[PDB]
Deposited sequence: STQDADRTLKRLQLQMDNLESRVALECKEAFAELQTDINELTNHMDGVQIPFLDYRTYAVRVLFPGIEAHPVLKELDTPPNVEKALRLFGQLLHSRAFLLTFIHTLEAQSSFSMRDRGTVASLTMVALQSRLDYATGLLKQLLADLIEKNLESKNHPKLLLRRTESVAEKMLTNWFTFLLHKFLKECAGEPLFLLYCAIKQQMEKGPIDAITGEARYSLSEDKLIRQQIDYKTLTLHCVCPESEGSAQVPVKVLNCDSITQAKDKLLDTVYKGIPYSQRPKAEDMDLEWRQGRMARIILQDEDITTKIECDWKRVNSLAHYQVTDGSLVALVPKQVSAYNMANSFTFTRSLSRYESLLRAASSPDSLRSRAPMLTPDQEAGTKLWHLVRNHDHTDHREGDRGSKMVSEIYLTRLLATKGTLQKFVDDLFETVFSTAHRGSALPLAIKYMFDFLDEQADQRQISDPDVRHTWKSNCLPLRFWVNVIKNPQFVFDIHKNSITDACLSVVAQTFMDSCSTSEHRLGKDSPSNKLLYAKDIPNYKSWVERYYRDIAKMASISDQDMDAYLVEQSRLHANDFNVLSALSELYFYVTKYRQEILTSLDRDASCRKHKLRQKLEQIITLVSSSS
(Lines of atoms letter the chains of each structure in order from A and count residues from 1; the text may use other names and numbers.)
(Lines give C-alpha, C1' and ligand atoms only; values in the text may rest on other atoms or scores of the structure.)
Protein backbone atom coordinates (compact mmCIF):
# COMPACT_ATOMS: atom_id res chain seq x y z
CA UNK A 1 0.00 0.00 0.00
CA UNK A 2 0.96 3.68 -0.11
CA UNK A 3 2.19 5.92 2.71
CA UNK A 4 -1.07 7.86 2.36
CA UNK A 5 -3.16 4.68 2.66
CA UNK A 6 -1.31 3.58 5.81
CA UNK A 7 -1.62 7.11 7.20
CA UNK A 8 -5.40 7.26 6.70
CA UNK A 9 -5.79 3.72 8.08
CA UNK A 10 -4.05 4.59 11.35
CA UNK A 11 -6.12 7.77 11.76
CA UNK A 12 -9.37 5.87 11.18
CA UNK A 13 -8.24 3.31 13.78
CA UNK A 14 -7.59 5.88 16.52
CA UNK A 15 -10.72 7.81 15.52
CA UNK A 16 -12.51 4.56 16.26
CA UNK A 17 -10.57 4.09 19.49
CA UNK A 18 -11.69 7.57 20.53
CA UNK A 19 -15.42 6.96 20.06
CA UNK A 20 -15.09 3.58 21.79
CA UNK A 21 -13.65 5.40 24.80
CA UNK A 22 -16.61 7.77 24.99
CA UNK A 23 -18.94 4.82 25.65
CA UNK A 24 -16.77 2.08 27.18
CA UNK A 25 -17.79 2.40 30.84
CA UNK A 26 -21.42 3.18 29.97
CA UNK A 27 -21.47 -0.05 27.94
CA UNK A 28 -20.29 -2.06 30.93
CA UNK A 29 -23.19 -0.85 33.06
CA UNK A 30 -25.67 -1.17 30.21
CA UNK A 31 -24.64 -4.80 29.83
CA UNK A 32 -25.02 -5.54 33.54
CA UNK A 33 -28.48 -3.97 33.28
CA UNK A 34 -29.31 -6.14 30.28
CA UNK A 35 -27.98 -9.24 32.02
CA UNK A 36 -30.20 -8.78 35.07
CA UNK A 37 -33.09 -7.95 32.76
CA UNK A 38 -32.23 -11.21 31.04
CA UNK A 39 -31.86 -13.36 34.16
CA UNK A 40 -35.32 -12.18 35.19
CA UNK A 41 -37.39 -12.84 32.08
CA UNK A 42 -35.77 -16.27 31.71
CA UNK A 43 -33.73 -17.48 34.69
CA UNK A 44 -36.72 -18.35 36.91
CA UNK A 45 -38.75 -19.74 32.35
CA UNK A 46 -37.62 -22.62 30.13
CA UNK A 47 -35.77 -21.92 26.88
CA UNK A 48 -38.49 -22.48 24.25
CA UNK A 49 -36.80 -25.11 22.06
CA UNK A 50 -38.88 -26.31 19.14
CA UNK A 51 -39.08 -30.09 18.96
CA UNK A 52 -36.69 -31.81 16.55
CA UNK A 53 -39.12 -32.36 13.68
CA UNK A 54 -40.33 -28.76 13.66
CA UNK A 55 -36.77 -27.42 13.82
CA UNK A 56 -35.73 -29.77 11.03
CA UNK A 57 -38.51 -28.58 8.71
CA UNK A 58 -37.96 -24.89 9.53
CA UNK A 59 -34.34 -25.27 8.43
CA UNK A 60 -34.81 -27.67 5.50
CA UNK A 61 -37.87 -25.87 4.11
CA UNK A 62 -37.44 -22.17 5.02
CA UNK A 63 -40.68 -20.19 5.28
CA UNK A 64 -43.00 -23.04 4.30
CA UNK A 65 -45.83 -23.37 6.81
CA UNK A 66 -47.44 -26.79 7.35
CA UNK A 67 -45.09 -28.68 5.03
CA UNK A 68 -46.62 -31.94 3.72
CA UNK A 69 -43.68 -33.73 5.33
CA UNK A 70 -45.21 -33.13 8.77
CA UNK A 71 -48.73 -34.29 7.92
CA UNK A 72 -50.87 -37.17 6.64
CA UNK A 73 -50.74 -38.11 2.96
CA UNK A 74 -53.96 -39.80 1.88
CA UNK A 75 -53.12 -41.27 -1.51
CA UNK A 76 -54.55 -43.84 -3.97
CA UNK A 77 -53.38 -47.47 -3.51
CA UNK A 78 -51.51 -47.63 -6.83
CA UNK A 79 -49.84 -44.32 -6.00
CA UNK A 80 -48.66 -45.45 -2.58
CA UNK A 81 -47.49 -48.74 -4.10
CA UNK A 82 -45.45 -46.90 -6.73
CA UNK A 83 -44.05 -44.42 -4.20
CA UNK A 84 -42.81 -47.22 -1.94
CA UNK A 85 -40.96 -48.82 -4.84
CA UNK A 86 -39.48 -45.38 -5.57
CA UNK A 87 -38.46 -45.05 -1.92
CA UNK A 88 -36.52 -48.29 -2.28
CA UNK A 89 -34.75 -47.03 -5.39
CA UNK A 90 -33.46 -44.19 -3.21
CA UNK A 91 -31.79 -46.90 -1.10
CA UNK A 92 -29.87 -47.92 -4.21
CA UNK A 93 -26.50 -46.15 -4.19
CA UNK A 94 -26.21 -46.37 -7.97
CA UNK A 95 -29.73 -45.04 -8.50
CA UNK A 96 -29.45 -42.09 -6.12
CA UNK A 97 -26.03 -41.06 -7.43
CA UNK A 98 -27.32 -41.23 -11.01
CA UNK A 99 -30.63 -39.52 -10.16
CA UNK A 100 -28.91 -36.55 -8.51
CA UNK A 101 -26.16 -36.18 -11.10
CA UNK A 102 -28.72 -36.27 -13.91
CA UNK A 103 -30.91 -33.59 -12.33
CA UNK A 104 -27.92 -31.30 -11.79
CA UNK A 105 -26.84 -31.69 -15.42
CA UNK A 106 -30.14 -30.10 -16.46
CA UNK A 107 -30.17 -26.34 -17.05
CA UNK A 108 -33.84 -26.07 -16.04
CA UNK A 109 -32.88 -27.55 -12.66
CA UNK A 110 -32.61 -24.39 -10.54
CA UNK A 111 -30.77 -23.51 -7.34
CA UNK A 112 -34.18 -23.62 -5.69
CA UNK A 113 -34.72 -27.14 -7.04
CA UNK A 114 -31.30 -28.23 -5.81
CA UNK A 115 -32.30 -27.26 -2.28
CA UNK A 116 -35.73 -28.86 -2.58
CA UNK A 117 -34.26 -32.18 -3.72
CA UNK A 118 -31.55 -32.01 -1.06
CA UNK A 119 -34.13 -31.46 1.68
CA UNK A 120 -36.65 -34.06 0.45
CA UNK A 121 -33.94 -36.67 0.01
CA UNK A 122 -32.52 -36.21 3.52
CA UNK A 123 -36.00 -36.40 5.01
CA UNK A 124 -36.66 -39.59 3.04
CA UNK A 125 -33.39 -41.06 4.34
CA UNK A 126 -33.76 -39.84 7.94
CA UNK A 127 -34.59 -43.40 9.04
CA UNK A 128 -31.40 -44.73 7.44
CA UNK A 129 -28.67 -42.20 8.20
CA UNK A 130 -25.94 -44.82 8.06
CA UNK A 131 -26.75 -45.41 4.39
CA UNK A 132 -27.30 -41.71 3.76
CA UNK A 133 -23.89 -40.80 5.13
CA UNK A 134 -22.14 -43.23 2.81
CA UNK A 135 -23.99 -41.72 -0.13
CA UNK A 136 -23.28 -38.16 1.03
CA UNK A 137 -19.54 -38.82 1.19
CA UNK A 138 -19.61 -40.23 -2.33
CA UNK A 139 -21.49 -37.18 -3.62
CA UNK A 140 -19.01 -34.86 -1.93
CA UNK A 141 -16.08 -36.87 -3.25
CA UNK A 142 -17.65 -36.75 -6.71
CA UNK A 143 -18.08 -32.98 -6.44
CA UNK A 144 -14.52 -32.45 -5.21
CA UNK A 145 -12.99 -34.70 -7.88
CA UNK A 146 -14.98 -33.03 -10.67
CA UNK A 147 -14.00 -29.51 -9.58
CA UNK A 148 -10.32 -30.24 -8.96
CA UNK A 149 -10.14 -31.83 -12.42
CA UNK A 150 -12.15 -29.09 -14.07
CA UNK A 151 -8.99 -27.66 -12.54
CA UNK A 152 -10.75 -24.93 -10.55
CA UNK A 153 -9.35 -23.08 -7.54
CA UNK A 154 -9.15 -25.36 -4.46
CA UNK A 155 -10.30 -22.65 -2.02
CA UNK A 156 -13.10 -21.78 -4.45
CA UNK A 157 -14.56 -25.23 -3.76
CA UNK A 158 -17.75 -25.84 -1.76
CA UNK A 159 -18.36 -22.09 -1.99
CA UNK A 160 -20.23 -21.14 -5.15
CA UNK A 161 -20.80 -24.67 -6.50
CA UNK A 162 -24.09 -24.68 -4.57
CA UNK A 163 -24.46 -28.39 -5.40
CA UNK A 164 -27.13 -30.79 -4.17
CA UNK A 165 -24.37 -32.51 -2.21
CA UNK A 166 -23.43 -29.34 -0.30
CA UNK A 167 -27.06 -28.68 0.57
CA UNK A 168 -27.49 -32.29 1.71
CA UNK A 169 -24.38 -31.80 3.87
CA UNK A 170 -26.00 -28.78 5.49
CA UNK A 171 -29.15 -30.83 6.12
CA UNK A 172 -26.96 -33.63 7.48
CA UNK A 173 -25.38 -31.21 9.95
CA UNK A 174 -28.87 -29.91 10.73
CA UNK A 175 -30.10 -33.39 11.72
CA UNK A 176 -27.00 -34.28 13.70
CA UNK A 177 -26.29 -31.02 15.52
CA UNK A 178 -29.68 -30.66 17.19
CA UNK A 179 -28.34 -32.31 20.36
CA UNK A 180 -25.48 -29.81 20.40
CA UNK A 181 -27.99 -26.96 20.21
CA UNK A 182 -30.07 -28.47 23.02
CA UNK A 183 -27.05 -29.07 25.25
CA UNK A 184 -24.56 -26.30 24.44
CA UNK A 185 -25.09 -23.69 21.74
CA UNK A 186 -28.83 -23.15 21.99
CA UNK A 187 -28.59 -21.21 25.25
CA UNK A 188 -26.13 -18.50 24.15
CA UNK A 189 -28.01 -18.25 20.83
CA UNK A 190 -31.29 -17.70 22.66
CA UNK A 191 -29.70 -15.26 25.09
CA UNK A 192 -28.25 -13.19 22.25
CA UNK A 193 -31.72 -13.07 20.72
CA UNK A 194 -33.19 -11.90 24.04
CA UNK A 195 -30.42 -9.36 24.58
CA UNK A 196 -30.84 -7.86 21.12
CA UNK A 197 -34.63 -7.80 21.39
CA UNK A 198 -34.57 -6.27 24.87
CA UNK A 199 -31.94 -3.65 24.06
CA UNK A 200 -33.86 -2.49 20.99
CA UNK A 201 -37.03 -2.07 23.05
CA UNK A 202 -35.14 0.23 25.43
CA UNK A 203 -35.61 2.95 22.84
CA UNK A 204 -37.95 4.06 20.04
CA UNK A 205 -38.73 1.54 17.29
CA UNK A 206 -40.53 2.80 14.19
CA UNK A 207 -43.48 0.53 13.40
CA UNK A 208 -43.37 1.51 9.72
CA UNK A 209 -39.70 1.82 8.74
CA UNK A 210 -38.34 -0.71 11.23
CA UNK A 211 -35.69 1.80 12.31
CA UNK A 212 -34.55 1.99 15.92
CA UNK A 213 -32.77 4.30 18.33
CA UNK A 214 -30.46 1.52 19.51
CA UNK A 215 -29.99 -0.30 16.19
CA UNK A 216 -26.76 -2.28 15.88
CA UNK A 217 -27.33 -1.87 12.15
CA UNK A 218 -26.25 1.43 10.58
CA UNK A 219 -28.97 1.02 7.93
CA UNK A 220 -31.77 0.85 10.51
CA UNK A 221 -30.33 3.48 12.86
CA UNK A 222 -32.89 6.21 13.56
CA UNK A 223 -31.25 9.41 12.29
CA UNK A 224 -33.60 11.96 13.86
CA UNK A 225 -34.25 13.53 17.26
CA UNK A 226 -36.86 11.52 19.14
CA UNK A 227 -37.87 12.64 22.62
CA UNK A 228 -39.61 9.88 24.58
CA UNK A 229 -40.33 8.64 28.10
CA UNK A 230 -40.38 5.23 29.78
CA UNK A 231 -43.85 4.37 31.08
CA UNK A 232 -44.95 1.59 33.40
CA UNK A 233 -48.32 0.02 32.66
CA UNK A 234 -50.12 -2.33 35.04
CA UNK A 235 -51.82 -5.07 33.06
CA UNK A 236 -54.77 -7.07 34.38
CA UNK A 237 -53.66 -10.70 34.45
CA UNK A 238 -55.88 -13.12 32.48
CA UNK A 239 -56.35 -14.99 35.76
CA UNK A 240 -57.89 -13.17 38.74
CA UNK A 241 -59.46 -10.54 36.47
CA UNK A 242 -54.16 -10.01 39.74
CA UNK A 243 -52.02 -7.62 37.68
CA UNK A 244 -48.45 -7.18 36.45
CA UNK A 245 -46.16 -4.23 35.59
CA UNK A 246 -44.86 -3.74 32.05
CA UNK A 247 -42.27 -1.22 30.88
CA UNK A 248 -43.19 0.53 27.63
CA UNK A 249 -42.35 3.78 25.85
CA UNK A 250 -44.79 6.65 25.30
CA UNK A 251 -43.76 6.73 21.64
CA UNK A 252 -44.61 3.03 21.16
CA UNK A 253 -47.42 2.30 18.70
CA UNK A 254 -50.40 0.49 20.23
CA UNK A 255 -49.42 -2.80 18.57
CA UNK A 256 -45.90 -2.50 19.97
CA UNK A 257 -47.44 -1.81 23.37
CA UNK A 258 -49.69 -4.85 23.06
CA UNK A 259 -46.73 -7.01 22.04
CA UNK A 260 -44.70 -5.77 25.01
CA UNK A 261 -47.64 -6.52 27.30
CA UNK A 262 -48.05 -10.00 25.83
CA UNK A 263 -44.35 -10.78 26.24
CA UNK A 264 -44.54 -10.03 29.97
CA UNK A 265 -48.05 -11.27 30.78
CA UNK A 266 -47.30 -14.56 29.02
CA UNK A 267 -43.58 -14.69 29.82
CA UNK A 268 -43.75 -18.37 30.76
CA UNK A 269 -45.61 -19.55 27.67
CA UNK A 270 -43.92 -20.31 24.31
CA UNK A 271 -44.75 -17.77 21.60
CA UNK A 272 -46.99 -19.84 19.32
CA UNK A 273 -49.19 -20.62 22.33
CA UNK A 274 -49.99 -16.96 23.11
CA UNK A 275 -52.81 -14.84 21.65
CA UNK A 276 -51.86 -12.48 18.81
CA UNK A 277 -51.62 -8.73 19.38
CA UNK A 278 -53.98 -8.24 16.43
CA UNK A 279 -56.53 -10.56 18.06
CA UNK A 280 -56.54 -8.45 21.22
CA UNK A 281 -57.76 -4.96 21.99
CA UNK A 282 -55.77 -2.84 24.40
CA UNK A 283 -58.26 -1.37 26.85
CA UNK A 284 -57.35 1.52 29.12
CA UNK A 285 -59.00 1.20 32.53
CA UNK A 286 -59.27 4.68 34.00
CA UNK A 287 -62.52 3.40 35.47
CA UNK A 288 -64.43 1.57 36.43
CA UNK A 289 -65.92 4.88 35.29
CA UNK A 290 -64.33 4.50 31.85
CA UNK A 291 -62.84 1.58 29.94
CA UNK A 292 -61.60 2.95 26.62
CA UNK A 293 -59.92 0.83 23.92
CA UNK A 294 -56.79 1.89 22.04
CA UNK A 295 -55.71 0.89 18.52
CA UNK A 296 -53.09 1.82 15.93
CA UNK A 297 -55.91 3.39 13.93
CA UNK A 298 -59.29 4.79 14.92
CA UNK A 299 -61.42 7.90 14.47
CA UNK A 300 -58.84 9.89 16.45
CA UNK A 301 -55.82 9.11 14.27
CA UNK A 302 -54.07 12.22 13.05
CA UNK A 303 -54.12 12.89 9.32
CA UNK A 304 -52.28 15.83 7.76
CA UNK A 305 -51.87 16.51 4.04
CA UNK A 306 -52.02 12.86 2.97
CA UNK A 307 -49.91 11.69 5.91
CA UNK A 308 -51.52 9.35 8.44
CA UNK A 309 -49.77 8.74 11.76
CA UNK A 310 -49.93 5.46 13.64
CA UNK A 311 -51.47 6.01 17.08
CA UNK A 312 -49.02 5.81 19.98
CA UNK A 313 -49.59 5.64 23.73
CA UNK A 314 -48.73 9.34 23.86
CA UNK A 315 -51.41 9.99 21.24
CA UNK A 316 -53.94 8.86 23.84
CA UNK A 317 -52.07 10.72 26.59
CA UNK A 318 -51.69 7.43 28.47
CA UNK A 319 -50.10 8.21 31.82
CA UNK A 320 -47.40 6.37 33.76
CA UNK A 321 -48.90 3.83 36.17
CA UNK A 322 -52.10 3.53 34.13
CA UNK A 323 -54.18 0.38 34.56
CA UNK A 324 -54.59 -1.66 31.40
CA UNK A 325 -56.03 -4.93 30.13
CA UNK A 326 -55.76 -7.15 27.06
CA UNK A 327 -59.18 -8.24 25.84
CA UNK A 328 -60.24 -10.30 22.80
CA UNK A 329 -61.51 -7.98 20.05
CA UNK A 330 -52.86 7.66 -1.90
CA UNK A 331 -52.17 8.11 1.81
CA UNK A 332 -48.78 7.71 3.50
CA UNK A 333 -48.44 6.28 7.00
CA UNK A 334 -45.72 7.12 9.49
CA UNK A 335 -44.97 6.55 13.15
CA UNK A 336 -41.85 8.24 14.51
CA UNK A 337 -39.99 9.16 11.31
CA UNK A 338 -41.53 11.16 8.46
CA UNK A 339 -39.57 11.33 5.20
CA UNK A 340 -40.90 13.76 2.57
CA UNK A 341 -21.97 8.49 9.22
CA UNK A 342 -21.58 11.39 11.66
CA UNK A 343 -19.76 10.84 14.95
CA UNK A 344 -22.94 11.10 17.03
CA UNK A 345 -24.45 8.06 15.27
CA UNK A 346 -21.20 6.10 15.03
CA UNK A 347 -20.93 6.37 18.83
CA UNK A 348 -24.53 5.20 19.22
CA UNK A 349 -23.84 2.06 17.18
CA UNK A 350 -20.73 1.56 19.28
CA UNK A 351 -22.68 1.83 22.54
CA UNK A 352 -25.06 -0.88 21.33
CA UNK A 353 -22.19 -2.99 20.02
CA UNK A 354 -20.37 -2.63 23.35
CA UNK A 355 -23.49 -3.43 25.36
CA UNK A 356 -24.14 -6.64 23.40
CA UNK A 357 -20.49 -7.69 23.09
CA UNK A 358 -20.48 -10.30 25.86
CA UNK A 359 -23.52 -12.09 24.43
CA UNK A 360 -21.81 -12.28 21.04
CA UNK A 361 -18.55 -13.53 22.55
CA UNK A 362 -20.42 -16.27 24.44
CA UNK A 363 -22.14 -17.53 21.30
CA UNK A 364 -19.04 -17.53 19.07
CA UNK A 365 -16.94 -19.16 21.79
CA UNK A 366 -19.30 -22.12 22.27
CA UNK A 367 -19.87 -22.59 18.53
CA UNK A 368 -16.09 -22.93 18.21
CA UNK A 369 -15.56 -25.04 21.33
CA UNK A 370 -14.45 -28.68 21.41
CA UNK A 371 -15.15 -29.48 25.06
CA UNK A 372 -17.89 -27.13 26.25
CA UNK A 373 -19.14 -27.43 29.83
CA UNK A 374 -18.00 -31.03 30.13
CA UNK A 375 -19.67 -32.07 26.86
CA UNK A 376 -17.84 -33.48 23.85
CA UNK A 377 -17.48 -32.27 20.27
CA UNK A 378 -20.40 -33.63 18.21
CA UNK A 379 -19.36 -36.73 16.25
CA UNK A 380 -20.70 -35.31 12.99
CA UNK A 381 -18.17 -32.48 13.12
CA UNK A 382 -15.09 -34.62 13.78
CA UNK A 383 -16.23 -37.20 11.20
CA UNK A 384 -16.86 -34.69 8.39
CA UNK A 385 -13.81 -32.55 9.12
CA UNK A 386 -11.70 -35.72 9.00
CA UNK A 387 -13.34 -36.57 5.66
CA UNK A 388 -12.44 -33.14 4.28
CA UNK A 389 -8.86 -33.55 5.53
CA UNK A 390 -8.69 -36.92 3.78
CA UNK A 391 -9.96 -35.42 0.53
CA UNK A 392 -7.26 -32.75 0.80
CA UNK A 393 -4.55 -35.31 1.63
CA UNK A 394 -5.58 -37.44 -1.33
CA UNK A 395 -4.17 -34.62 -3.46
CA UNK A 396 -1.13 -33.81 -1.30
CA UNK A 397 -2.90 -30.49 -0.72
CA UNK A 398 -0.92 -29.33 2.31
CA UNK A 399 -1.83 -25.63 2.21
CA UNK A 400 -3.66 -24.95 5.51
CA UNK A 401 -5.90 -22.30 3.92
CA UNK A 402 -7.53 -24.89 1.66
CA UNK A 403 -8.90 -27.27 4.28
CA UNK A 404 -9.64 -24.30 6.55
CA UNK A 405 -11.76 -22.85 3.75
CA UNK A 406 -13.50 -26.16 2.99
CA UNK A 407 -14.40 -26.61 6.65
CA UNK A 408 -15.63 -23.03 6.97
CA UNK A 409 -17.63 -23.31 3.75
CA UNK A 410 -19.23 -26.58 4.88
CA UNK A 411 -20.25 -25.83 8.45
CA UNK A 412 -20.14 -22.34 9.99
CA UNK A 413 -20.75 -20.46 6.71
CA UNK A 414 -23.92 -22.45 6.06
CA UNK A 415 -25.44 -24.09 9.12
CA UNK A 416 -24.31 -21.67 11.84
CA UNK A 417 -24.86 -18.46 9.88
CA UNK A 418 -28.37 -19.70 9.13
CA UNK A 419 -29.45 -20.26 12.75
CA UNK A 420 -27.74 -17.05 13.89
CA UNK A 421 -29.81 -15.12 11.35
CA UNK A 422 -32.85 -17.26 12.10
CA UNK A 423 -33.05 -18.22 15.79
CA UNK A 424 -36.75 -18.82 15.14
CA UNK A 425 -35.72 -21.99 13.31
CA UNK A 426 -34.56 -23.33 16.66
CA UNK A 427 -36.91 -21.63 19.12
CA UNK A 428 -40.61 -20.94 19.47
CA UNK A 429 -40.15 -17.17 19.29
CA UNK A 430 -41.07 -14.21 17.11
CA UNK A 431 -38.14 -12.46 15.44
CA UNK A 432 -39.10 -8.88 14.64
CA UNK A 433 -37.63 -6.66 11.92
CA UNK A 434 -35.15 -4.69 14.06
CA UNK A 435 -33.94 -7.85 15.80
CA UNK A 436 -33.41 -9.47 12.39
CA UNK A 437 -31.37 -6.43 11.35
CA UNK A 438 -29.07 -6.67 14.38
CA UNK A 439 -28.65 -10.43 13.89
CA UNK A 440 -27.58 -9.75 10.29
CA UNK A 441 -24.71 -7.62 11.59
CA UNK A 442 -23.70 -10.39 13.99
CA UNK A 443 -23.90 -13.01 11.21
CA UNK A 444 -21.65 -10.93 8.95
CA UNK A 445 -19.04 -10.62 11.69
CA UNK A 446 -19.32 -14.38 12.19
CA UNK A 447 -18.80 -14.95 8.46
CA UNK A 448 -15.74 -12.68 8.38
CA UNK A 449 -14.25 -14.63 11.30
CA UNK A 450 -14.36 -17.89 9.31
CA UNK A 451 -12.42 -16.51 6.37
CA UNK A 452 -8.70 -16.83 5.74
CA UNK A 453 -9.01 -13.62 3.72
CA UNK A 454 -7.55 -10.36 5.01
CA UNK A 455 -9.71 -7.62 6.52
CA UNK A 456 -8.98 -4.40 4.59
CA UNK A 457 -10.29 -1.56 6.77
CA UNK A 458 -11.41 1.61 5.00
CA UNK A 459 -14.16 4.24 5.01
CA UNK A 460 -15.98 2.40 2.21
CA UNK A 461 -15.98 -0.72 4.39
CA UNK A 462 -19.36 -2.08 5.60
CA UNK A 463 -20.46 -1.03 9.08
CA UNK A 464 -19.91 -4.51 10.56
CA UNK A 465 -16.32 -4.51 9.28
CA UNK A 466 -15.73 -1.14 10.93
CA UNK A 467 -17.51 -1.90 14.22
CA UNK A 468 -15.93 -5.32 14.70
CA UNK A 469 -12.57 -4.65 13.04
CA UNK A 470 -10.74 -5.24 16.32
CA UNK A 471 -12.71 -8.35 17.24
CA UNK A 472 -12.40 -10.30 13.97
CA UNK A 473 -8.68 -11.08 14.50
CA UNK A 474 -9.47 -12.67 17.87
CA UNK A 475 -12.43 -14.63 16.50
CA UNK A 476 -10.32 -15.86 13.60
CA UNK A 477 -7.82 -17.29 16.07
CA UNK A 478 -10.64 -19.17 17.80
CA UNK A 479 -11.66 -20.69 14.47
CA UNK A 480 -8.09 -21.68 13.57
CA UNK A 481 -7.63 -23.30 16.97
CA UNK A 482 -11.00 -25.08 16.62
CA UNK A 483 -10.03 -26.80 13.36
CA UNK A 484 -6.59 -27.54 14.84
CA UNK A 485 -7.94 -29.13 18.02
CA UNK A 486 -10.50 -31.19 16.10
CA UNK A 487 -7.79 -32.62 13.85
CA UNK A 488 -5.70 -33.67 16.87
CA UNK A 489 -8.57 -35.73 18.26
CA UNK A 490 -8.75 -39.50 17.80
CA UNK A 491 -10.54 -40.61 14.64
CA UNK A 492 -14.05 -41.97 15.00
CA UNK A 493 -14.12 -45.58 13.81
CA UNK A 494 -16.56 -46.39 11.04
CA UNK A 495 -18.33 -48.89 13.30
CA UNK A 496 -18.77 -46.29 16.05
CA UNK A 497 -20.04 -43.64 13.61
CA UNK A 498 -22.45 -46.13 12.02
CA UNK A 499 -23.76 -47.15 15.44
CA UNK A 500 -24.32 -43.48 16.26
CA UNK A 501 -26.11 -42.94 12.94
CA UNK A 502 -28.24 -46.04 13.51
CA UNK A 503 -29.24 -44.68 16.92
CA UNK A 504 -30.14 -41.28 15.42
CA UNK A 505 -32.21 -42.94 12.71
CA UNK A 506 -34.02 -45.01 15.33
CA UNK A 507 -34.76 -41.97 17.49
CA UNK A 508 -36.39 -40.05 14.65
CA UNK A 509 -37.59 -42.86 12.38
CA UNK A 510 -41.23 -41.75 12.53
CA UNK A 511 -40.79 -37.98 12.82
CA UNK A 512 -41.52 -37.29 9.15
CA UNK A 513 -44.06 -38.47 6.59
CA UNK A 514 -41.73 -40.30 4.19
CA UNK A 515 -44.57 -40.92 1.71
CA UNK A 516 -45.18 -37.17 1.50
CA UNK A 517 -41.48 -36.55 0.90
CA UNK A 518 -41.46 -39.30 -1.73
CA UNK A 519 -44.42 -37.82 -3.62
CA UNK A 520 -42.82 -34.36 -3.68
CA UNK A 521 -39.53 -35.86 -4.88
CA UNK A 522 -41.26 -37.90 -7.58
CA UNK A 523 -42.23 -34.62 -9.26
CA UNK A 524 -38.65 -34.44 -10.54
CA UNK A 525 -38.72 -38.00 -11.82
CA UNK A 526 -41.52 -37.10 -14.23
CA UNK A 527 -40.16 -33.68 -15.21
CA UNK A 528 -36.88 -35.31 -16.24
CA UNK A 529 -38.27 -38.76 -17.01
CA UNK A 530 -36.38 -39.21 -20.28
CA UNK A 531 -33.02 -37.93 -19.05
CA UNK A 532 -33.11 -40.12 -15.93
CA UNK A 533 -34.07 -43.27 -17.82
CA UNK A 534 -31.30 -42.60 -20.34
CA UNK A 535 -28.69 -42.21 -17.61
CA UNK A 536 -29.86 -45.40 -15.90
CA UNK A 537 -29.46 -47.17 -19.24
CA UNK A 538 -25.97 -45.75 -19.82
CA UNK A 539 -24.32 -46.28 -16.44
CA UNK A 540 -22.85 -49.78 -16.12
CA UNK A 541 -23.66 -50.28 -12.43
CA UNK A 542 -27.25 -49.13 -12.96
CA UNK A 543 -27.77 -51.83 -15.58
CA UNK A 544 -26.25 -54.45 -13.28
CA UNK A 545 -29.34 -54.01 -11.11
CA UNK A 546 -31.86 -53.21 -13.87
CA UNK A 547 -32.65 -49.81 -12.37
CA UNK A 548 -34.14 -48.64 -15.67
CA UNK A 549 -36.84 -51.33 -15.70
CA UNK A 550 -37.61 -50.62 -12.05
CA UNK A 551 -38.17 -46.92 -12.68
CA UNK A 552 -40.29 -47.74 -15.74
CA UNK A 553 -42.58 -49.88 -13.59
CA UNK A 554 -43.00 -47.06 -11.11
CA UNK A 555 -43.87 -44.55 -13.82
CA UNK A 556 -46.57 -46.91 -15.13
CA UNK A 557 -47.84 -47.95 -11.71
CA UNK A 558 -48.54 -44.40 -10.56
CA UNK A 559 -50.80 -43.76 -13.58
CA UNK A 560 -52.88 -46.93 -13.27
CA UNK A 561 -56.15 -47.05 -11.34
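Enquirer: Which ranges of the deposited chain go unmodelled, in order along the sequence?
Expert: Missing from the model are residues 45-47, 245-246, 335-380, 392-405, 627.
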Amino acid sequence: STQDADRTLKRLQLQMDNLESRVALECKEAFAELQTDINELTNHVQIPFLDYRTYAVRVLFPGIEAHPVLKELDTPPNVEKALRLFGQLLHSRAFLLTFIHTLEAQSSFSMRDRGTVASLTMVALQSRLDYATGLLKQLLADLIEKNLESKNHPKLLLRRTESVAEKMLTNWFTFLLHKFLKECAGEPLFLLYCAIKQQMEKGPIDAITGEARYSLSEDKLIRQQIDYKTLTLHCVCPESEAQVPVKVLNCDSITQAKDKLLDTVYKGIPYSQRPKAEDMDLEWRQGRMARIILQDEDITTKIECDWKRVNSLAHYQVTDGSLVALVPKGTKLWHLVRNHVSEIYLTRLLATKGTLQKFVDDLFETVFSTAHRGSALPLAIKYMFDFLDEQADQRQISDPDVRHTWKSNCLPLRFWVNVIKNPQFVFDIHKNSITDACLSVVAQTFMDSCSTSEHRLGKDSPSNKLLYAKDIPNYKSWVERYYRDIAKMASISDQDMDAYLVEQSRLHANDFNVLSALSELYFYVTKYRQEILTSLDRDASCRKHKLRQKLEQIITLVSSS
From here on, numbers count along this sequence of modelled residues.
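Enquirer: Mean C-alpha B factor from the entry: is it higher for 121-129 or for 261-269?
Expert: Higher of the two, by average CA B-factor, is 261-269.
Enquirer: Mean Cα B factor from the PDB record: higher for 86-94, or higher for 139-147?
Expert: Result: 139-147.
Enquirer: Considering only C542, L9, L25, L551, which residue's Cα atom bears the greatest B-factor as recorded?
Expert: That would be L9, according to the entry.
Enquirer: If you check the C-alpha B-factor for each of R348, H234, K431, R484 in the entry, which is highest?
Expert: Of the options given, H234 has the highest CA B-factor in the PDB entry.
Enquirer: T36's Cα B-factor: lowest, middle or highest third of the chain?
Expert: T36: CA B-factor falls in the highest third of its chain.
Enquirer: Going by the entry, which third of its chain does the Cα temperature factor of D511 land in?
Expert: Ranked within chain, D511 CA B lands in the lowest tercile.
Enquirer: Taking the chain's C-alpha temperature factors as the reference, tell me which third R414 falls into: lowest, middle or highest.
Expert: Lowest third.
Enquirer: Split the chain's modelled residues into thirds by Cα B-factor; is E503 in the lowest, middle or highest one?
Expert: For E503, the deposited C-alpha B-factor lands in the lowest third.
Enquirer: Lowest, middle or highest third: which one holds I492 when the chain's residues are ordered by CA B-factor from the entry?
Expert: For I492, the deposited C-alpha B-factor lands in the lowest third.
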